[PDB]
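Chains as they are written, first to last, in the entry's author numbering: chain A, 254 to 303; chain B, 2 to 127; chain C, 2 to 143; chain D, 2 to 187; chain E, 5 to 110; chain F, 4 to 51; chain G, 102 to 202.
Every residue gets a Cβ at the ideal spot worked out from N, C-alpha and C, and that includes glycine.
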Amino acid sequence: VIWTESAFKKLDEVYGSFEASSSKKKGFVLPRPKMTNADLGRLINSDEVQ
Amino acid sequence: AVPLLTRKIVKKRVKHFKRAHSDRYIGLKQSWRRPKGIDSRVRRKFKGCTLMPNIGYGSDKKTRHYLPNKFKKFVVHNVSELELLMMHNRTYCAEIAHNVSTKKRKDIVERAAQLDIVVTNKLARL
Amino acid sequence: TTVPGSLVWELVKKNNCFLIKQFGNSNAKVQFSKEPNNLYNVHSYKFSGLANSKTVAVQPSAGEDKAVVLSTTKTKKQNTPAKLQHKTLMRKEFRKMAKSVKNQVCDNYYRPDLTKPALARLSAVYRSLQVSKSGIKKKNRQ
Amino acid sequence: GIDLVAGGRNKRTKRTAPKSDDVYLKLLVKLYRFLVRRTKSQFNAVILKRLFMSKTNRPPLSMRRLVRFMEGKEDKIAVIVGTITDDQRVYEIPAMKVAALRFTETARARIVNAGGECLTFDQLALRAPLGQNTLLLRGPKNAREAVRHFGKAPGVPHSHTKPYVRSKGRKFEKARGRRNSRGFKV
Amino acid sequence: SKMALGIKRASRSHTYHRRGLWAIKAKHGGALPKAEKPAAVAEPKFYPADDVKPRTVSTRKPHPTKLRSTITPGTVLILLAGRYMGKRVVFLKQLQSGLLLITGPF
Amino acid sequence: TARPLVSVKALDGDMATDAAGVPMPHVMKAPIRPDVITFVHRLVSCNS
Amino acid sequence: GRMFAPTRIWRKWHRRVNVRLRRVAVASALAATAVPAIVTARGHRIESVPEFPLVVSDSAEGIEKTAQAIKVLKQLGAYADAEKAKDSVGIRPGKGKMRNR
RNA sequence: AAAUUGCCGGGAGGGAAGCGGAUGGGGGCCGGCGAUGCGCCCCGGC
RNA sequence: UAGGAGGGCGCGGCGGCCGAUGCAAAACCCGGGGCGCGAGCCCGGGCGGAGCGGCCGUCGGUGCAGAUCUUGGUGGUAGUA
Ligand SMILES: [Mg+2]
Ligand SMILES: [Mg+2]
Ligand SMILES: [Mg+2]
Ligand SMILES: [Mg+2]
Ligand SMILES: [Mg+2]
Ligand SMILES: [Mg+2]
Ligand SMILES: [Mg+2]
Ligand SMILES: [Mg+2]
Ligand SMILES: [Mg+2]
Ligand SMILES: [Mg+2]
Ligand SMILES: [Mg+2]
Numbered sequence: 254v255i256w257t258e259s260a261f262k263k264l265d266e267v268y269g270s271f272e273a274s275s276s277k278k279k280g281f282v283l284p285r286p287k288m289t290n291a292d293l294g295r296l297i298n299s300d301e302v303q
Numbered sequence: 002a003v004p005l006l007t008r009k010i011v012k013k014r015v016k017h018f019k020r021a022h023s024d025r026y027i028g029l030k031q032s033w034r035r036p037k038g039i040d041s042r043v044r045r046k047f048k049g050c051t052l053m054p055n056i057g058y059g060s061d062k063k064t065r066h067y068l069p070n071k072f073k074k075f076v077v078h079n080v081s082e083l084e085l086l087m088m089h090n091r092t093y094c095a096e097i098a099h100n101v102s103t104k105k106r107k108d109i110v111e112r113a114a115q116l117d118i119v120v121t122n123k124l125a126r127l
Numbered sequence: 002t003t004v005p006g007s008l009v010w011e012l013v014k015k016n017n018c019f020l021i022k023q024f025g026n027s028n029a030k031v032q033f034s035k036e037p038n039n040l041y042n043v044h045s046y047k048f049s050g051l052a053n054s055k056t057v058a059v060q061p062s063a064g065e066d067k068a069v070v071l072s073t074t075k076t077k078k079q080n081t082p083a084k085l086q087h088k089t090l091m092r093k094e095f096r097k098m099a100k101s102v103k104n105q106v107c108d109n110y111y112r113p114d115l116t117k118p119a120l121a122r123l124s125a126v127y128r129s130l131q132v133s134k135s136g137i138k139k140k141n142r143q
Numbered sequence: 002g003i004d005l006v007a008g009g010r011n012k013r014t015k016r017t018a019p020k021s022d023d024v025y026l027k028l029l030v031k032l033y034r035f036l037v038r039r040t041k042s043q044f045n046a047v048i049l050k051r052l053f054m055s056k057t058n059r060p061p062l063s064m065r066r067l068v069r070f071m072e073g074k075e076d077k078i079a080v081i082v083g084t085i086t087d088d089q090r091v092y093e094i095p096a097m098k099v100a101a102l103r104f105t106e107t108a109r110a111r112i113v114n115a116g117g118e119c120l121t122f123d124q125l126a127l128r129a130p131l132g133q134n135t136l137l138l139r140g141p142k143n144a145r146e147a148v149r150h151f152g153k154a155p156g157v158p159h160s161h162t163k164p165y166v167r168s169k170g171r172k173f174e175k176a177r178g179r180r181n182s183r184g185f186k187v
Numbered sequence: 005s006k007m008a009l010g011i012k013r014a015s016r017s018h019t020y021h022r023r024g025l026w027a028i029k030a031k032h033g034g035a036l037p038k039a040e041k042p043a044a045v046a047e048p049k050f051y052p053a054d055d056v057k058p059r060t061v062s063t064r065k066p067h068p069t070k071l072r073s074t075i076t077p078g079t080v081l082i083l084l085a086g087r088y089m090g091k092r093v094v095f096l097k098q099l100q101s102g103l104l105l106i107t108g109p110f
Numbered sequence: 004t005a006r007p008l009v010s011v012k013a014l015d016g017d018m019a020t021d022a023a024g025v026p027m028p029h030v031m032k033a034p035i036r037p038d039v040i041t042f043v044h045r046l047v048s049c050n051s
Numbered sequence: 102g103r104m105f106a107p108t109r110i111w112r113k114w115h116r117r118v119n120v121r122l123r124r125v126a127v128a129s130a131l132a133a134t135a136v137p138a139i140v141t142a143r144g145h146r147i148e149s150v151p152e153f154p155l156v157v158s159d160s161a162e163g164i165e166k167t168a169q170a171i172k173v174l175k176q177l178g179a180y181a182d183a184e185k186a187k188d189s190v191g192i193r194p195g196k197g198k199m200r201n202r
């Protein structure tokens with residue numbers, strides 16, 4: 254995808270963020286992933302785990 | 002261009018598994034179809050009747066798909082995917098696909114000679 | 002990879018443009034990956050050239066004698082494809098190519114995983130160029 | 002010939018990997034494979050075996066029950082391998098730390114505005130890899146509407162199973178087998 | 005007494021006596037010597053793609069083939085195969101590789 | 004308070020301006036979910 | 102004679118997906134546009150594009166001619182991909198080459 | 001294309017033929033069917 | 001066996017990706033060479049003279065030895081009655 258500079262700055266106004274009614278679409282917030290950080294390397298090799 | 006396989010290829014059966022009663026009829030193809038009869042001597046496995054394929058006739062995993070060359074075959078359509086067998090020429094053998102042109106075959110074979118890749122079709126279409 | 006390497010692998014482990022799979026999905030399946038920056042072109046997460054920040058490529062150069070390019074991805078510049086790979090055009094002989102590859106792959110702890118494989122591909126590429134120069138003097142079958 | 006049932010091969014089955022091909026769930030699966038293998042914590046074993054569950058074996062757990070379960074145990078981190086739904090029937094929620102697959106966007110806001118911290122299973126694996134001071138939970142499994150239909154048949158004595166009826170009303174299975182005055186009382 | 009030979013060989017003390025750790029307690033002080041890191045070649049001409057294996061110097065030391073009891077230097081033997089089958093010859097001595105050495109006389 | 008900026012790549016014959024990047028959208032960070040993508044694409048391409 | 106169970110016009114041609122599930126899927130697709138390894142895996146020639154996500158100025162909005170659009174693709178790295186499509190156009194194998202495809 | 005027929009060359013036959021497992025004898029066909037290259041050295045220049 | 005499930009092979013489309021093709025595609029023939037236990041696949045040669053394949057997702061008028069099956073052809077009976 255090649256975004257023009259007009260479209261890119263209003264992609265936020267269109268899809269919004271993790272806030273109620275922030276999106277131009279009604280009844281929609283961005284899905285949240287089942288993991289915040291998907292780096293198995295960093296998880297498994299972190300000091301806590303190791 | 003020297004085979005890497007260091008184990009003798011053993012085959013528990015070389016004869017094909019022809020379909021039961023492929024002999025009496027012409028319309029029946031030679032390809033195997035399990036006899037589903039209720040009184041079929043083949044399904045009941047009387048001695049003297051054709052043998053069915055079991056899983057027991059399977060060949061060793063470490064000597065499977067090796068040609069008589071002791072290489073596993075890999076079919077290549079062009080130089081682009083010929084060149085990706087650099088570090089498998091001791092275990093993988095190129096075969097130029099059956100529908101390429103003789104012109105492109107010359108190029109693939111020339112490329113494979115200098116990449117030192119075993120090819121079983123270097124005398125094809127000339 | 003804006004997303005992490007493991008996630009890229011779980012995204013492209015089953016289909017991508019660089020994957021050549023033949024002989025079906027049975028026990029006969031043969032899998033290679035033909036992206037430029039995969040060394041053995043084996044389609045695994047160790048060697049995958051798309052699911053990794055730190056990848057090395059060893060390629061014969063364009064039409065010119067005995068010039069090898071060794072490239073390593075820049076980890077930090079990673080969302081900049083035009084400036085994504087540090088390419089290194091070296092044309093010296095083999096022993097000094099091997100020392101430099103060890104310098105760029107293993108000795109700086111860039112990615113010691115691919116110490117031996119990168120050198121093996123370097124041997125193969127070097128002798129490929131050597132025979133493109135000289136010709137088929139050896140049948141290479143004993 | 003040896004006297005065995007099915008040659009001894011185990012005839013029961015269990016999940017060994019989720020039917021779901023969710024890449025994030027597969028990555029959690031790899032993480033907890035590592036943890037249960039190198040760590041030998043029974044907690045990791047249970048968590049793994051419960052990521053290998055369907056959504057009817059992972060029913061939602063709401064705060065009105067989570068707060069019950071957290072009443073006086075704020076030091077321990079709550080773990081629910083499932084979903085946290087809010088519950089507009091509770092008013093004051095203690096600031097609690099809960100790890101789960103999903104949070105309904107209103108329940109996550111409820112927890113944040115209550116001042117607790119709302120985790121995923123990787124963040125859980127950061128500060129409780131062996132599960133120090135954790136409180137594992139399950140939602141109500143047999144609370145599902147479909148379960149009200151299971152068990153011994155509707156028309157046998159002592160069974161309180163809901164029979165499949167296309168609509169409630171006087172005309173829909175009330176007459177003969179549900180009262181003495183028409184036939185018999187089930 | 006093959007079994008008795010096996011036991012006497014397998015005894016730990018006699019394993020010491022055979023492997024001769026004494027007179028290795030002679031050269032290197034009164035303690036067994038260390039080993040080092042040889043083979044500093046650092047000059048690989050070529051890198052094989054598959055996992056590298058070098059050649060074997062067979063460290064196994066096969067027992068010499070035993071001679072028959074009824075063969076003594078000075079017997080008359082009977083050849084059986086080859087161009088001299090049936091020839092009656094003389095066994096001179098068992099040569100060092102394990103084969104009999106015979107003469108006609110010629 | 005941190006989100007990366009995307010530099011806009013201007014073209015030839017573009018006026019000079021003291022401009023900076025566009026901050027990365029939050030949508031451009033959403034979970035990448037290939038199974039949902041293939042399911043929804045299956046049904047929407049069956050919808051024509 | 103007939104065919105078995107003849108095809109009928111009242112099959113389920115159009116299937117329904119939840120509006121929120123369409124939106125979630127569009128979110129995941131937008132996210133996947135931003136990852137260079139995903140685009141390159143998916144089959145686009147991007148070795149010369151400056152930055153991801155690739156964003157060009159509003160001066161692009163005013164262009165009119167196809168030569169101008171090509172020239173715009175030249176500053177960017179897209180034109181390798183555009184050429185890939187242009188020289189990979191070829192007749193569809195099969196019955197599609199007579200069903201108006 | 002097969003069913004089916006002819007001609008040419010081969011094969012075999014004491015009231016069936018065909019098929020499975022053994023090899024054996026004929027054929028017909030396979031040079032990735034089967035290798036000649038590694039190390040050590042001395043020039044002679046590259 | 002009746003039956004149930006899993007993993008695969010194969011035919012024809014659609015959305016994608018990688019290709020082949022007048023230096024010969026599709027099809028079909030072969031005492032040709034192989035791979036797989038097997039469905040089946042890969043290569044060689046001939047005829048052929050213009051298209052075709054592979055991988056991922058997905059869809060279907062999708063796999064024949066029988067039905068006194070349907071259409072078309074061909075036999076033995078027979079150079080007989
Ligand atoms: Mg019966
Ligand atoms: Mg037994
Ligand atoms: Mg009663
Ligand atoms: Mg015929
Ligand atoms: Mg007679
Ligand atoms: Mg027979
Ligand atoms: Mg024979
Ligand atoms: Mg049908
Ligand atoms: Mg048919
Ligand atoms: Mg038929
Ligand atoms: Mg049938």
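_Let me check understanding here. Comparing Cα to Cα, which of D/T57, D/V187, D/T14, D/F70 lies closest to D/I94?_
Taking the fourth sequence and counting its residues from 1, the one referred to as residue 94 of chain D is at position 93. Ranking the options by Cα distance to D/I94, first place goes to D/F70.
*Would B/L6 count as contacting chain C if we go by Cβ distances under 7 angstroms?*
Here residue 6 of chain B corresponds to residue number 5 of the second sequence, with the count starting at 1. No - not a single Cβ of chain C is within 7 angstroms of the one on B/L6.
*So, is G/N201 buried or exposed, given that buried needs 16 or more other C-beta atoms within 10 angstroms?*
Working through the seventh sequence from its first residue, we reach residue 201 of chain G at position 100. Under this definition G/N201 is an exposed residue.
_For C/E11, would you say it is in contact with chain D, using Cβ-to-Cβ distances shorter than 7 angstroms as the test?_
The residue given as residue 11 of chain C occupies position 10 in the third sequence. Yes, C/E11 counts as interfacial toward chain D.
_Unbroken beta strand (DSSP E) run spanning A/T289, endpoints_ = Here residue 289 of chain A is taken as the residue at index 36 of the first sequence, counted from 1. Premise fails: A/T289 is in no beta strand (DSSP E) and is neither H nor E.
_In this structure, how does DSSP classify F/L8 when only helix, strand and coil are distinguished?_
Here residue 8 of chain F refers to the residue found at position 5 of the sixth sequence. It is a strand residue.
*If you drop the 5 nearest sequence neighbours on each side, which residues of the same chain put their C-beta closer than 8 angstroms to that of G/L174?*
Here residue 174 of chain G is taken as the residue at index 73 of the seventh sequence, counted from 1. Hits under 8 angstroms: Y180, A183.
*For the beta strand (DSSP E) containing B/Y93, list its first residue and its last residue.*
Numbered from 1 along the second sequence, position 92 holds the residue referred to as residue 93 of chain B. That run of the beta strand (DSSP E) goes 93-97.
*What does C/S45 reach in chain D if we use C-beta pairs closer than 7 angstroms?*
On the third sequence, residue 45 of chain C is found 44 positions in, with the first residue counted as 1. None at all; the shortest Cβ gap to chain D is about 15 angstroms.
*Beta-carbon separation of D/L28 and A/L283 under 7 angstroms?*
For the purposes of this step, residue 28 of chain D is taken as residue 27 along the fourth sequence, with counting starting at 1. For the purposes of this step, residue 283 of chain A is taken as residue 30 along the first sequence, with counting starting at 1. The beta carbons of D/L28 and A/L283 sit no closer together than 7 angstroms.
*Roughly how far, in whole angstroms, is the beta-carbon of C/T76 from the beta-carbon of C/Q86, given that I think they are within contact range, below 8 angstroms?*
Sequence index remark: in the third sequence, residue 76 of chain C carries index 75 (1-based). Sequence index remark: in the third sequence, residue 86 of chain C carries index 85 (1-based). Rounded to the nearest angstrom, the Cβ distance from C/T76 to C/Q86 is 11 angstroms, too far for a contact under 8 angstroms.
*With 16 other Cβ atoms within 10 Å as the buried cut-off, status of B/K16*: Position 15 of the second sequence, counted from the start, is the residue given in the question as residue 16 of chain B. The residue in question, B/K16, is exposed, as its Cβ has fewer than 16 Cβ neighbours within 10 Å.
*Should the stretch 3-16 of chain B be regarded as contacting the stretch 63-74 of chain B, the criterion being three or more beta carbon pairs within less than 8 angstroms?*
yes
*Would a check of beta-carbon distances place D/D88 closer than 7 angstroms to chain F?*
Locating residue 88 of chain D in the fourth sequence gives position 87, counting from the first residue. No, because no Cβ of chain F sits closer than 7 angstroms to the Cβ of D/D88.
*Three-state secondary structure assigned by DSSP to D/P158*: Here residue 158 of chain D refers to the residue found at position 157 when the fourth sequence is read from its first residue. D/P158: coil per DSSP, three-state reduction.
*Output yes if chain E places a C-beta closer than 7 angstroms to the C-beta of C/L120; else output no.*
Indexing the third sequence from 1 puts residue 120 of chain C at position 119. For C/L120, the nearest beta carbon of chain E is closer than 7 angstroms to its own beta carbon.
*Pick from C/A63, C/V70, C/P82, C/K97: whose alpha carbon is nearest that of C/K88?*
As a first step, residue 88 of chain C must be located in the third sequence, where it is residue number 87. Checked all of C/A63, C/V70, C/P82, C/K97; the closest Cα to C/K88 is C/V70.
*Within 10 angstroms of the Cβ of D/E75, are there 16 or more other Cβ atoms? Answer buried if so, exposed if not.*
Walking along the fourth sequence from the start, residue 75 of chain D turns up at place 74. Exposed: under 16 other Cβ atoms inside 10 Å.
*Whose C-beta lies closer than 7 angstroms to the C-beta of B/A2 among residues of the same chain, with five residues either side of it excluded?*
Stepping through the second sequence from its first residue, residue 2 of chain B is reached at position 1. The answer, listed in chain order, is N90, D117, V119.
*Identify the continuous alpha helix (DSSP H) that holds G/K172 and give its terminal residues.*
Position 71 of the seventh sequence, counting from 1, holds the residue named residue 172 of chain G. That run of the alpha helix (DSSP H) goes 167-176.
*Applying a beta-carbon distance threshold of less than 7 angstroms, which residues of chain F neighbour G/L174?*
Here residue 174 of chain G corresponds to residue number 73 of the seventh sequence, with the count starting at 1. Near G/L174 there are no residues of chain F at all, since even the closest Cβ is about 10 angstroms away, more than 7 angstroms.
_Beta-carbon contacts of G/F153 that lie in its chain and below 7 angstroms, excluding the five residues immediately before and after_ = If you number the seventh sequence from 1, residue 153 of chain G lands on position 52. Within the same chain, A135, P137 come within 7 angstroms of G/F153 by CB-CB distance, once the 5 residues on both sides are set aside.
*Could you give the distance in angstroms between the alpha-carbon of F/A23 and the alpha-carbon of A/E258?*
The count along the sixth sequence starts at 1 and reaches residue 23 of chain F at position 20. The count along the first sequence starts at 1 and reaches residue 258 of chain A at position 5. Between F/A23 and A/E258, the C-alpha separation is close to 12 angstroms.
*Mind pulling the chain B residues with CB within less than 8 angstroms of E/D55?*
Mapped onto the fifth sequence, residue 55 of chain E falls at position 51. By Cβ distance, chain B contributes nothing, its closest Cβ being about 10 angstroms from E/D55, past 8 angstroms.
*asked:* On the DSSP bridge list, what partners appear for B/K74?
replied: Counting from one through the second sequence, the residue named residue 74 of chain B turns up at place 73. In DSSP, B/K74 forms a bridge with B/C94.
_Is residue 203 of chain A close to chain D? Criterion is C-beta to C-beta, closer than 7 angstroms._
A query on residue 203 of chain A cannot be resolved here, the shown segment of chain A reaching from 254 to 303 and no further.
*Verify the CB distance criterion: does F/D17 have a CB-CB separation below 7 angstroms to chain G?*
Residue 17 of chain F sits at position 14 when you count from the first residue of the sixth sequence. It does: the Cβ of F/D17 has a partner Cβ on chain G nearer than 7 angstroms.
*Tell me, which residues are paired with C/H87 by DSSP?*
Position 86 of the third sequence, counting from 1, holds the residue named residue 87 of chain C. BP columns for C/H87 point to C/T73.
*Counting Cβ pairs, one atom from each stretch, are 3 or more of them under 8 angstroms apart for the stretch 157-172 of chain G and the stretch 28-47 of chain C?*
no
*What are the uninterrupted segments assigned as beta strand (DSSP E) that are 3 or more residues long and contained completely in the stretch 113-171 of chain G, given in chain order?*
none
_Host alpha helix (DSSP H) of residue 1 of chain D (start-end)_ = An answer regarding residue 1 of chain D cannot be provided, because it is not within the stretch 2 to 187 covered by chain D.
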